[PDB]
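Quick heads-up: it's one chain on its own, the form deposited in one PDB entry, in structure tokens.
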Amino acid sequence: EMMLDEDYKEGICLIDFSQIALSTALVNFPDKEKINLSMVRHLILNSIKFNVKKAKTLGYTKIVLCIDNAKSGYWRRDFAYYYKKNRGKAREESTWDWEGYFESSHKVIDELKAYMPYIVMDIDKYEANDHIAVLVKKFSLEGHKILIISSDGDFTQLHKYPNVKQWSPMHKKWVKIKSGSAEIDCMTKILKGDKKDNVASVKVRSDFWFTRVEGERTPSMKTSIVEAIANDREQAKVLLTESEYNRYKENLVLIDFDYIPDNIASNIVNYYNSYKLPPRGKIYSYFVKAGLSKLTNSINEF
């Protein structure tokens, strides 16, 4: 029986929220139109209502909204300047109002922190995946069951942790965390790169994807090397050259959640622990102030 067991260490839901909101915005807001504060506030609140309802029915009552905040870049890019620069380039050339979207979304995130009953993990230069990785490690060790709500995020690196599930709202399905190939899949990114984030192979210079000249290519790497190092990372010093090994060390920081620097992880945990949760009364007053007359009818749903 459910009643006879809603756990003393309560279930925690971490929502990969910026990606859900942005995906929805790219569908709902057309190109060549100014994206304003009210548009974004409505979208964010509607998305929260849908996804919190989901967590709650699945039995995970503590909600943490994990936010991508790249207003001033990325801590990883302070390490590897080229990290994710391909993403910025693409947004520059778009006719969608990225500037208005981001400006409005930052304002709304601040309203959530002031008024809504969720822990909003938002720190400039920190990624939603950083909050999820660090908090899953923390909460899983403390004995909490965890639900990650993320449409397309790959959280298979978290395969070692007990009682972690992932639900994809976009695809309406459960997503494997214990995939059976998590270490190999992680190592493939470390060794061969992850082009979508401008991470290059260990067989080329660190900033290859950002500085590539015409005709340049990535030398291939044998799958067997990837599998060998995935199985025993000490093999990196045996199967890689010195130059490749130095690149492997760089790529570990860019890819592997276990290589989030101590200060970054400590900052995330400290921000969580000190978080000032708004009194539940502030929801109604926020909805009135923002003129959300339809949502005032749905307070209990938040």
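In this text, rigid core is short for the largest set of C-alphas that superpose within 1.5 Å between two forms. Numbers follow the displayed sequence, beginning with 1.
Just so it is clear, the following notes concern the form deposited in another entry, a form of the same protein that is not shown.
> With the core superposed, a Cα shift of 2 Å or more between this form and the one not shown singles out one residue among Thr188, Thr218, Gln157, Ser151. Which one is it?
Between the two forms, the residue that moves is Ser151.
> Taking 2 Å as the cut-off, check whether the CA of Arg77 shifts that much or more between this form and the one not shown after a rigid core fit.
Yes.
> Classify the change in Cα distance between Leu43 and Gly153 in the other form as closer or farther, relative to the shown form (magnitude of 3 Å or more).
Compared with the form shown here, the C-alpha atoms of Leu43 and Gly153 sit farther apart in the other form, by 3 Å or more.
> Looking in the other form, decide if the C-alpha atoms of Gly153 and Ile44 are closer or farther than in the form shown; they differ by 3 Å or more.
Compared with this form, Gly153 and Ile44 lie farther apart in the other form.
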